[PDB]
Amino acid sequence: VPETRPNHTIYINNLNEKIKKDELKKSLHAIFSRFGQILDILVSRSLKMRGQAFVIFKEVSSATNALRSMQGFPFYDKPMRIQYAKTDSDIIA
RNA sequence: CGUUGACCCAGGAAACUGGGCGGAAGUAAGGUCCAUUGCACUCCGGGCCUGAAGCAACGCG
Ligand SMILES: NC(=O)CC[C@H](N)C(=O)O
Ligand SMILES: [Mg+2]
Ligand SMILES: [Mn+2]
Ligand SMILES: [Mn+2]
Ligand SMILES: [Mn+2]
Ligand code: NA
Ligand code: NA
Ligand code: NA
Ligand code: NA
Ligand code: NA
Ligand code: NA
Ligand code: NA
């Protein structure tokens, strides 16, 4: 059950795990700033959190258009799988 | 690690206190093998190899 309730934050997974934290954080900001003001991008390479990212948008509408537009797009040879986050991010909340 | 400073944040009328901020550390980060498709925000799976830096300057390790 993919989280479909619109939220300020999008959840991305199926990310290439071999990409370095900094390069990844930078590429996602590149890919997503078109859609609106990004407040932050949260990336971790721990066991639980690798292959995933959260990008936080100032406007929900930015999150939606970003989610809708980049869905499934090949990124480092892997299709991005995007949902909304299940719960608000901290700066948003 | 010391001294004398810079700048940011919290508090304070102020003096200043606490942190950001130094030998930090075999840490952060990185390469590879294995494992993992995972909703988090207080870092952080395992093996092998490698491996930094406070913001400035001097001094000392
Ligand atoms: N990391 C350190 O302690 C640096 C000390 C050195 N003497 C310097 O001024 O840079
Ligand atoms: Mg194999
Ligand atoms: Mn004050
Ligand atoms: Mn020592
Ligand atoms: Mn120095
Ligand atoms: Na203050
Ligand atoms: Na007072
Ligand atoms: Na300090
Ligand atoms: Na590493
Ligand atoms: Na690594
Ligand atoms: Na929290
Ligand atoms: Na490892």
Side-chain angles (χ1 to χ4, degrees), chain A residues 2-93:
Chain A
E3 176 52 87
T4 52
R5 187 203 342 175
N7 189 282
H8 277 257
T9 307
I10 60 179
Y11 171 82
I12 299 135
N13 72 340
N14 201 44
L15 269 352
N16 196 335
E17 292 167 32
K18 277 156 295 189
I19 259 68
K20 304 173 187 64
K21 177 165 168 169
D22 161 71
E23 222 214 307
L24 211 226
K25 204 163 298 224
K26 251 124 92 169
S27 295
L28 286 161
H29 191 285
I31 290 332
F32 284 105
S33 51
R34 189 277 252 201
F35 293 100
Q37 183 191 0
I38 302 179
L39 248 19
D40 200 13
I41 292 185
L42 296 181
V43 170
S44 165
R45 302 184 72 196
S46 75
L47 179 61
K48 258 184 56 70
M49 290 305 111
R50 67 197 55 177
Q52 299 155 88
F54 295 75
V55 3
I56 320 161
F57 282 106
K58 192 59 166 210
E59 318 276 351
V60 173
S61 74
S62 294
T64 296
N65 186 30
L67 187 158
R68 268 179 36 246
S69 303
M70 304 299 304
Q71 254 303 347
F73 164 86
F75 184 62
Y76 292 106
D77 307 315
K78 301 188 74 199
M80 297 181 66
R81 323 253 84 143
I82 329 181
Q83 308 162 44
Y84 291 108
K86 276 151 35 163
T87 76
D88 291 323
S89 280
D90 274 12
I91 9 83
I92 290 309

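In what follows, every chain begins at residue 1, and chains take the letters A, B, ... in the order their sequences are listed. No hydrogens, no waters, no symmetry mates; every other heavy atom, side chains included, goes into these values.
- To the nearest 0.5 angstrom, A:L67 atom CG is 8.5 Å from A:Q83 atom CD.
- Evaluation of the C1'-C2'-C3'-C4' torsion of B:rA52 gives a positive value and hence a north sugar.
- Residues A:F75 and A:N16 are not in side-chain contact: their nearest non-hydrogen atoms beyond the backbone lie 4.5 Å or more apart.
- Here the closest non-hydrogen pair linking A:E23 and A:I19 is OE1-CG1, 4.2 Å.
- One atom, NZ of A:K48, and another, P of B:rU42, lie 14 Å apart when rounded to the nearest Å.
- Judged by Watson-Crick or G-U wobble contacts below 3.5 Å, the nucleotide B:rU17 has B:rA10 as its partner.
- Rounded to the nearest Å, the gap between the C1' atom of B:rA6 and that of B:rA28 is 25 Å.
- B:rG45 has a positive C1'-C2'-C3'-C4' torsion, placing its sugar in the north range.
- Distance, A:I82 CD1 to B:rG38 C1': 17 Å, rounded to whole Å.
- Contact check, A:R45 against B:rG30: a side-chain N or O comes under 4.0 Å of OP1 or OP2.
- Interatomic distance, CD of A:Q52 versus CD of A:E17, reported as 8.5 Å (0.5 Å rounding).
- On the P atoms, B:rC16 is 24 Å away from B:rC55, given to the nearest whole Å.
- A negative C1'-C2'-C3'-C4' torsion places the sugar of B:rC39 in the south, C2'-endo-side range.
- Atom CZ in A:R81 sits roughly 18 Å away from atom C1' in B:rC39 (whole-Å rounding).
- Taking the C1' atom of each, B:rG54 and B:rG23 are spaced 10 Å apart, rounded to whole Å.
- Atom NZ of A:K21 is separated from atom P of B:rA29 by 7 Å (rounded to the nearest Å).
- Among the nucleotides B:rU36, B:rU42, B:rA40, the one closest to any side-chain atom of A:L47 is B:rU36.
- Base orientation of B:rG5: anti, the glycosidic angle falling outside 90° of 0.
- For the pair B:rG22 and B:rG23, the rule of 5.5 Å between ring centres and 30° between base planes classifies them as not stacked.
- Within the 4.5 Å cutoff, side-chain heavy atoms of A:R68 are placed close to those of A:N65.
- Rounded to a whole angstrom, the distance from the P atom of B:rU42 to that of B:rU37 is 25 Å.
- Sugar pucker at B:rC21: south, on the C2'-endo side, as the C1'-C2'-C3'-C4' dihedral is below zero.
- Evaluation of the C1'-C2'-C3'-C4' torsion of B:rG26 gives a negative value and hence a south sugar.
- Judged by distance alone with a 3.5 Å cut-off, no donor-acceptor contact links the side chain of A:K18 to the base of B:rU32.
- Across the protein-nucleic acid pair, A:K86 atom NZ and B:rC41 atom P stand 12 Å apart, rounded to whole Å.
- Counting distance only, with no hydrogens placed and no angle test, the side-chain atoms of A:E17 and the base atoms of B:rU37 include no donor-acceptor pair under 3.5 Å.
- Stacking between B:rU32 and B:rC33 holds: their six-membered rings sit with centres below 5.5 angstrom apart and planes below 30 degrees.
- The gap from the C1' atom of B:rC44 to that of B:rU36 amounts to 15 Å, rounded to the nearest Å.
- Pair assignment for B:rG45 gives B:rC34, based on Watson-Crick or G-U wobble hydrogen-bonding distances that are each under 3.5 Å.
- Between the side-chain ring of A:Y11 and the base of B:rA40, no stacking contact exists by the 5.5 Å and 30° definition.
- For A:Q83 against B:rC39, a side-chain N or O and a base N or O form a donor-acceptor pair under 3.5 Å.
- Across all strands shown, B:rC58 forms a Watson-Crick or G-U wobble pair, both distances under 3.5 Å, with B:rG2.
- Heavy atoms of A:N7 sit nowhere under 4.0 angstrom from any nucleic acid atom.
- With P as the reference atom, B:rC7 and B:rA56 are 15 Å apart, rounded to whole Å.
- B:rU4 and B:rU17 have their P atoms separated by 12 Å, given to the nearest Å.
- When the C1' atom of B:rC41 is taken as reference, atom CD1 of A:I92 falls 13 Å away, rounded to whole Å.
- Checked against A:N7 for a side chain to side chain contact (heavy atoms under 4.5 Å, CB included), the options A:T87, A:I92, A:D88 give a single hit: A:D88.
- Under the 5.5 Å centre and 30° plane thresholds, the six-membered base rings of B:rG38 and B:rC39 are judged not to be stacked.
- The backbone N or O of A:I82 lies less than 3.5 Å from a partner atom in the side chain of A:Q71, making a donor-acceptor pair.
- Residue A:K20 places at least one side-chain N or O under 4.0 Å from the OP1 or OP2 atom of B:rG31.
- Candidate nucleotides B:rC39, B:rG30, B:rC41 were compared by shortest atom distance to the side chain of A:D90, and B:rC41 ranks first.
- No donor-acceptor pair under 3.5 Å is formed between the side chain of A:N14 and the backbone N or O of A:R81.
- A:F32 contributes atom CZ, which lies 4.0 Å from atom CD1 of A:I10 (distance to the nearest 0.5 angstrom).
- Straight-line distance between the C1' atoms of B:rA53 and B:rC33: roughly 29 Å, to the nearest whole Å.
- The distance from atom CG of A:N16 to atom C1' of B:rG31 is 15 Å, rounded to the nearest whole Å.
- On a pure distance criterion of 3.5 Å, a polar donor-acceptor pair joins the side chain of A:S89 and the base of B:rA40.
- Regarding A:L15, its CG atom lies at a distance of 14 Å from the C1' atom of B:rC39, rounded to whole Å.
- For A:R50 against B:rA35, a side-chain-to-base donor-acceptor contact under 3.5 Å is present.
- With a glycosidic angle no further than 90° from 0, B:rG54 counts as syn.
- With RNA chain B read from its 5' end, the first of the two nearest nucleotides for A:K78 and A:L42 is the one closest to A:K78.
- OP1 or OP2 of B:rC44 lies within a sub-4.0 Å distance of a side-chain N or O belonging to A:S44.
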